[PDB]
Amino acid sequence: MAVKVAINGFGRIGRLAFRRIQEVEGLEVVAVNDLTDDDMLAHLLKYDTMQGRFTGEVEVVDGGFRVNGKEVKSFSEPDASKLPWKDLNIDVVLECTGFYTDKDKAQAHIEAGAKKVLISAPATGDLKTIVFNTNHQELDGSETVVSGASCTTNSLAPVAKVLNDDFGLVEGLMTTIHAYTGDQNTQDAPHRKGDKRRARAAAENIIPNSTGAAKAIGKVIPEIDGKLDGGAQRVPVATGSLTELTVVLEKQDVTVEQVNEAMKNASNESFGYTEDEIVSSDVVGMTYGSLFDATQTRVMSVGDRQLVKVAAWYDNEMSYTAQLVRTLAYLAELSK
């Protein structure tokens, strides 16, 4: 009956993927895997610094833990191949560890016994990369492994599409003012990936860092492949981010009114429209994958030449999770 989901890596996205699936019919989290015991998991689910107390009742039992009456088998196998997926009849695995961001790598879940895997990040290898309500239609059924893209890709894609579909994108650069993440250091320290900037203190700094989101957009919107590039500035807020896209268009004499009105026509559950003057903390916990802020739309014109600047908010945590669970639930209902 219900689709059996296992969340591998019960961290920020795993825990939020969990909170989201409670209120989704025919989608059930039966298993959860991490590198810690049930006691820490139950607690980190109950309490969230940025997102707030879990609405239901998390209670810890033998093996796993019970949420609102139902039990969830918890594990701590670092080797995904060794997890009891076939025994549990797992239909889909939410790969949220950040260590299986490759088609061949994530195959360990399929080797373990899962039918499908969805990775909560951009992934190397031959697979579809799915931003929901932008290209979830390219999913047909045959898929064993799928990438849920990055948070920034989910914020960028729907604005990137409206821009090219309606105006004809010549080229563009993107910079995202981003909240800090787990991969960053609390203090000045040697970094695991050798990055000298993620090495720096996340909460006391403006930190530049590279992101694929812009350069990798061709995987999601093939028609604009290799028209966007750019990176990120990482700033001291614990969640919530903003994408800024500066573009050159084919249509001349483009006005500010046009750009905003075109975004409002393209608004769904995934791509929001706001004319209110909000800040990063106002989007904390929002379920829009991308929220177009109409007040930040700017157009430079020196004669018959234009530059078009736009901005979209995204709670890199919840915003992305909402999209991932959407992408997940769709992929699952595509199996019969």
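So that there is no doubt, residue numbering starts at 1 and follows the sequence shown. C-alpha atoms forming the largest set that superposes within 1.5 Å between two forms make up the rigid core.
Chemist: Just give me the stretch that moves more in 4 other deposited structures of this protein: 214 to 222 or 121 to 129, judged by RMS C-alpha distance after a core fit.
Modeler: Of the two stretches, the larger average C-alpha offset in 4 other deposited structures of this protein falls on 214 to 222.
Chemist: Using RMS Cα distance over all structures and residues, flag whichever of 205 to 213 and 158 to 166 lies farther from this form in 4 other deposited structures of this protein after a core fit.
Modeler: Evaluated in 4 other deposited structures of this protein, the stretch farther from the shown form is 205 to 213.
Chemist: Highest mean C-alpha temperature factor of the two stretches 208 to 216 and 249 to 257, which is it?
Modeler: Averaging CA B-factors over each stretch, the winner is 249 to 257.
Chemist: Please compare 72 to 80 with 237 to 245 and say which has the higher mean C-alpha temperature factor in the record.
Modeler: Result of the comparison: 72 to 80.
Chemist: Which has the highest CA B-factor per the PDB entry: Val145, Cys151, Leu173, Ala123?
Modeler: It is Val145.
Chemist: Using the temperature factors in the entry, find which of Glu275, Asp282, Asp48, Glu59 has the highest value at its Cα atom.
Modeler: Each of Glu275, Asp282, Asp48, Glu59 was compared by C-alpha B-factor; the highest is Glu59.
Chemist: Hey, what third does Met286 fall into on Cα B-factor, ranked over its chain?
Modeler: For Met286, the deposited C-alpha B-factor lands in the lowest third.
Chemist: Select lowest, middle or highest to describe the third in which the CA B-factor of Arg305 falls within its chain in this entry.
Modeler: Ranked within chain, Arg305 CA B lands in the highest tercile.
Chemist: Taking the entry's C-alpha B-factors for this chain, is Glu95 in the lowest, middle or highest third?
Modeler: For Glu95, whose C-alpha B-factor we compare with every modelled residue in the chain, the answer is the lowest third.
Chemist: Looking at the temperature factor on the CA atom of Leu27, which third of the chain's modelled residues does it land in?
Modeler: As the PDB entry reports it, the C-alpha B-factor of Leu27 lands in the highest third of its chain.
Chemist: Determine, from the deposited record, the chain-internal third of the Cα B-factor for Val131: lowest, middle or highest.
Modeler: For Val131, the deposited C-alpha B-factor lands in the middle third.
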